[PDB]
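J.: Sequence and experimental coordinates follow.
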Number of protein chains: 2
Amino acid sequence: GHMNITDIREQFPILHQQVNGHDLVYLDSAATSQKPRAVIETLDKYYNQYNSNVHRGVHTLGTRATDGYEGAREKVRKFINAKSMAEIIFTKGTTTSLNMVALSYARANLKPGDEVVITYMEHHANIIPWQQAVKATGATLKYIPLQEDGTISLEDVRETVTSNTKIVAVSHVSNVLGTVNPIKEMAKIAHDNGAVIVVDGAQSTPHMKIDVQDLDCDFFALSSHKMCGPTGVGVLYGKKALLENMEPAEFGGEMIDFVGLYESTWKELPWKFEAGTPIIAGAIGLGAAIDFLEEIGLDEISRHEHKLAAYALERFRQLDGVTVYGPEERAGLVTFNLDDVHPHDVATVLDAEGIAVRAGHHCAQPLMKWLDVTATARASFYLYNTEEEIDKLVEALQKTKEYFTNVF
Amino acid sequence: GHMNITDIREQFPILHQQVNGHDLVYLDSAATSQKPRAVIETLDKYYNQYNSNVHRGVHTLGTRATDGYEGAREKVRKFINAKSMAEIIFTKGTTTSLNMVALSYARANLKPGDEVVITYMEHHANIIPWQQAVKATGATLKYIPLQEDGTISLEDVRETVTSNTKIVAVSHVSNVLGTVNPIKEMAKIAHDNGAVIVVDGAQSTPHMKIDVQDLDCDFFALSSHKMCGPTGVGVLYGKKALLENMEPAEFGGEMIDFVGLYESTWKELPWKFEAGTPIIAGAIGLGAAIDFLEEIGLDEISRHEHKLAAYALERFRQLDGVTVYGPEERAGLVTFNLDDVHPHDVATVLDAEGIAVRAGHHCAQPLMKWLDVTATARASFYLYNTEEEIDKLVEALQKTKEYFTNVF
């Protein structure tokens, strides 16, 4: 049962190379994750053996491609514990999923005086679609405040959500702070006030079990590329009764039933929301990523990331002049700054040592402003990373601090 | 220079297999095309060697992925002869591209009394977004009529387009009739009346050179999966001056410049229209499909398809009780019916002989109604198909006709 990190790393060809003369140390999985051979070879087999368009079922390869595509829909349903494949919509990624809710749910259900409630830690994907939806409807956007450690208190949620709130939208896991938000209790507060809750799960799904029946979220969005799967593919989950009453966000072939000159009728769910030839190979590859993660065990992967996170926080606390943002209890990532060194220069120096991290605002400018910084650096961990890699990171941070103090 | 079909077919692993005990005869490339090793191995190399998120440029693999993604944008620009990469937007496919024009251009620029003009041969992707855009604006949808052979006469275009027309949307090549429409002359008519022209090029781009400066189209949409490229990726081309004045269709990270609590500003083109982590691998694979087709020569591929089309029409005319739809001059496809046999049964019997064709409405229900049929069968050709494969098709059609006459 227990995961062998050597055996896991063996499955990721891209980890086994040098950058600038040093073994690669890839600590940027919160930006995008690497892929095991089981996923890459799923794409290969699709294109080598049974590519064809789907949902015709009139010739043999087309039936195979259809069975592969719809089979992957069912894999996703089981993976997040949705009641029904009608609730599982394949999209281009988390961002498009959230935009579909903002176009098809928010803009149809917001009036002046209604509120959309988000938080200061949201990724832009979970901010801009609501800014545009409230502007288009004359509704009001509101922000739940954060505690000093970058978590959300339920009393602040209760204070911000009111009888005029129609939508609460919030991240399951922050890509910057590592905070795991109390989604299940926030959904109960949202429903008690007459609101739906929209959960941005791009950063939770790769790393921890999702059960949308236990969360009782109304909508849940995720991206394949962060969870060992292909780029260009994501999921929107929504409760069937909500999706049934929402109009499509996109129109075209495959999502219609009858097309007249001026009027058309739509397919049943989920295909109502899948216009045009779908992301056939990428969805099948996302199903393979799910099989891969489930065979390792999401709970095993969470325990491994908890170990790496606690080890990294401890070793970061051994460095002088380094500031870490966010709470002690966290997902597998550390966002930080070195005193006196711009995080872009940190990242540049670290890449010269083979170490890949991210520097910038991480698509969370209002959070940087809340943190009173212009930018930060971020190291993020996944199921193929090790404590030795964190040692290399903290050693390179120490030698970065020494380098820049002495150039001065 | 001249293409060797044996050497071309050698590059497509999927062609070399049996279905039901017969060599595969894949005649469904108008639904989706197969991929050469150069494309599949491009995806492999991406995932094996340099996957990372794009447009950070802070670590070595991220710079490589960015250079690959933006390099593919430039490959597409050269391929359709656009003036600028600002004009090349990566989307999920033709359908999404056309929906982006309908959301961001049509719904912003249509008033009561304005007209959107389409044709009776359009694919649903080029029909439903306009039905929805005119309903949302109170504008009027109009249809250019067709000649008896399923072509469009320019005098009918001139009669249908008026001083109230703001948009003409039309396919470059019909996926059913094989008609090549007179796009360049239609664009001059559209502009003479104060309209833009939106060209659905999903079926022309795989098969013939596109030059958007010579066409003078305002928007042009295409899909990677029909042109030897990965699924899940497409392009929207639009004249820079039009795109500059259109608002994004999707909102999120990557397409912003500044994000405040309530207001945001957008990136320059093309990234204004690319919200969230992009279709990194698929776009790079579409660039490889372009390199592959350009090395063979689109003019060579067009000549090969013209030969196969003229051969197929002749051999179809040798069959009794078979009706072919559309004009003599055509792209590489034949849509037909057997007297007395439902096209679904034709397709089923043909798959038992290893032959893959499509039966149905081909996402063109108003065209089937114009043709006074409920469904049709369709065989479609690409650069790996041969005359021997067309012989197998017409022989299997003859034996289908004999089989069903004798069961009766």
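T.: Nice, I can see it. Residues are numbered from 1 along each chain as shown, chains lettered A, B, ... in the order given.
J.: in stretch A:357-377, what's buried?
T.: Residues of stretch A:357-377 classed as buried by neighbour count (16 or more other C-beta atoms under 10 Å in any protein chain shown): A:357-368, A:370-371, A:375-377. Backbone N, C-alpha and C define where each C-beta goes, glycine included.
J.: Keep only these that also lie close to chain B.
T.: Among the buried residues of stretch A:357-377, the residues that sit close to chain B (C-beta under 8 Å from any C-beta of the partner chain) are A:357-360, A:363, A:365-366.
J.: Okay, and which of these map to strands?
T.: Using DSSP state E, the subset of these located in strands is A:358-360.
J.: hang on, the earlier thing: need the max-distance pair from the ones next to chain B among the buried residues of stretch A:357-377.
T.: Greatest spatial distance among those (C-beta to C-beta): A:357 and A:366, at 22.1 Å.
J.: can you pull the contacts of the residue of the stretch 51-200 of chain A found nearest chain B?
T.: Per C-beta to the nearest C-beta, residue A:95 is where the stretch 51-200 of chain A lies closest to chain B, at 2.7 Å. Listed by C-beta atoms under 8 Å, 6 or more residues apart in numbering or on different chains, the contact partners of residue A:95 are A:125, A:223, A:234, B:250, B:252-253, B:275-277.
J.: which one of those sits closest to residue A:392?
T.: Proximity of the contacts of residue A:95 to residue A:392, judged by C-beta to C-beta, is greatest for residue B:277, which lies at 26.5 Å.
J.: any idea which of the ones in strands among the ones next to chain B among the buried residues of stretch A:357-377 is the one closest to residue B:386?
T.: The closest of those to residue B:386 turns out to be residue A:358 (C-beta to C-beta; 50.7 Å).
J.: For that closest one, which non-adjacent residue is spatially closest?
T.: residue A:378 (4.8 Å; C-beta to C-beta, 6 or more residues apart in numbering or on different chains).
J.: Quick one: residues contacting that neighbour.
T.: Contacts of residue A:378 by C-beta under 8 Å, 6+ apart are A:28, A:30, A:175-176, A:333-336, A:357-359, A:362.
J.: next one: residue A:164
T.: A:113-115, A:140.
J.: Tell me, how many residues neighbour the closest residue to it other than its chain neighbours?
T.: The spatially closest residue to residue A:164, leaving aside those adjacent along the chain, is residue A:115, at 5.0 Å (C-beta to C-beta, 6+ apart). The tally of other residues near residue A:115 (other C-beta atoms under 10 Å in any protein chain shown) stands at 21.
J.: thinking again about what came up before, could you tell me whether the residue nearest to residue A:358 really is in a strand?
T.: Yes. Looking at residue A:378 with DSSP: H, G, I helix; E, B strand; the rest coil, it is inside a strand.
J.: Now residue A:238. Its backbone dihedrals?
T.: Dihedral pair for residue A:238: phi -150, psi 150, per degrees, to the nearest 10.
J.: which non-adjacent residue is nearest it?
T.: Distances taken as C-beta to C-beta, 6+ apart place residue A:219 nearest to residue A:238, at 4.6 Å, with adjacent residues excluded.
J.: Going by secondary structure, residue A:7 is in what exactly?
T.: In the assignment (DSSP states H and E), residue A:7 maps to helix A:5-9.
J.: Show residues contacting that helix.
T.: Contacts for helix A:5-9 (C-beta under 8 Å, 6+ apart): A:15, A:296, A:304, A:383-384, A:386.
J.: repeat for stretch A:384-400
T.: Here stretch A:384-400 has contacts from A:5, A:8-9, A:12, A:15, A:25-27, A:29, A:34, A:307-308, A:311-312, A:315-316, A:318-319, A:322, A:332, A:338, A:341, A:346, A:349-350, A:353-355, A:357, A:379, A:381, using C-beta under 8 Å, 6+ apart.
J.: Buried ones only from those, please, as a ChimeraX command.
T.: In ChimeraX, a selection of the buried entries from those looks like this (16+ other C-beta under 10 Å):
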select /A:8,9,12,15,25,26,27,29,34,308,311,312,315,316,319,322,332,338,341,346,349,350,353,354,355,357,379,381
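J.: now the end-to-end length of stretch A:72-90.
T.: Across stretch A:72-90, the terminal residues are separated by 10 Å (C-alpha to C-alpha, to the nearest Å).
J.: can that stretch be found next to chain B?
T.: No. Using C-beta under 8 Å from any C-beta, stretch A:72-90 stays clear of chain B, with a minimum separation of 9.4 Å.
J.: In this structure residue A:312 contacts residue A:381, no?
T.: Yes. Applying C-beta atoms under 8 Å, one finds residue A:312 in contact with residue A:381, separated by 7.3 Å.
J.: Now do the domain split for chain A, please.
T.: Domain ranges of chain A: A:3-29+A:297-407, A:36-296, per CATH domains of a matching chain.
J.: I'd like the distance from the last one to the chain centre, please.
T.: When distances are taken as C-alpha atoms, centre = their mean, to the nearest Å, domain A:36-296 is centred 10 Å away from the chain's centroid.
J.: Could you do the shortest one as well?
T.: Distance of domain A:3-29+A:297-407 from its chain centroid, counting by C-alpha atoms, centre = their mean, is 18 Å.
J.: Report the separation between the two terminal residues of that domain.
T.: End-to-end span of domain A:3-29+A:297-407 (C-alpha to C-alpha): 44 Å.
J.: With the last one instead?
T.: Taking C-alpha to C-alpha, domain A:36-296 runs 12 Å from one end to the other.
J.: Can you report how many residues neighbour residue A:289?
T.: By other C-beta under 10 Å, the residues close to residue A:289 number 26.
J.: For it, which residues are in contact?
T.: The contact partners of residue A:289, by C-beta under 8 Å, 6+ apart, come to A:35, A:39, A:224, A:227-230.
J.: can you do 6 Å?
T.: A:39, A:227-229 (C-beta atoms under 6 Å, 6 or more residues apart in numbering or on different chains).
J.: tell me which element it is part of?
T.: helix A:280-296.
J.: tell me which element residue A:334 is part of?
T.: For residue A:334, the host element (DSSP H and E) is strand A:333-338.
J.: Now do that strand and strand A:376-380, the angle between them.
T.: Put simply, strand A:333-338 runs at 150 degrees to strand A:376-380, going by axes from the mean of the first three to the mean of the last three C-alpha atoms, to 10 degrees.
J.: Give the buried residues for strand A:333-338.
T.: By neighbour count on 16+ other C-beta under 10 Å, the buried set for strand A:333-338 is A:333-338.
J.: Same check on stretch A:206-215?
T.: Residues A:206-210, A:212, A:215 are the ones in stretch A:206-215 that count as buried (16+ other C-beta under 10 Å).
J.: Close to chain B as well: tell me which of the residues you listed qualify.
T.: Among those, no residue sits close to chain B (C-beta under 6 Å from any C-beta of the partner chain).
J.: and which of the residues you listed is nearest chain B?
T.: residue A:206 (13.2 Å).
J.: show me what contacts the closest one?
T.: When contacts are counted by C-beta under 6 Å, 6+ apart, residue A:206 touches A:226-227.
J.: What residues does the stretch 151-300 of chain A have near chain B?
T.: Counting by C-beta under 6 Å from any C-beta, the residues of the stretch 151-300 of chain A that sit close to chain B are A:225, A:231-232, A:250-253, A:256, A:259, A:261, A:264, A:275-277, A:279-282.
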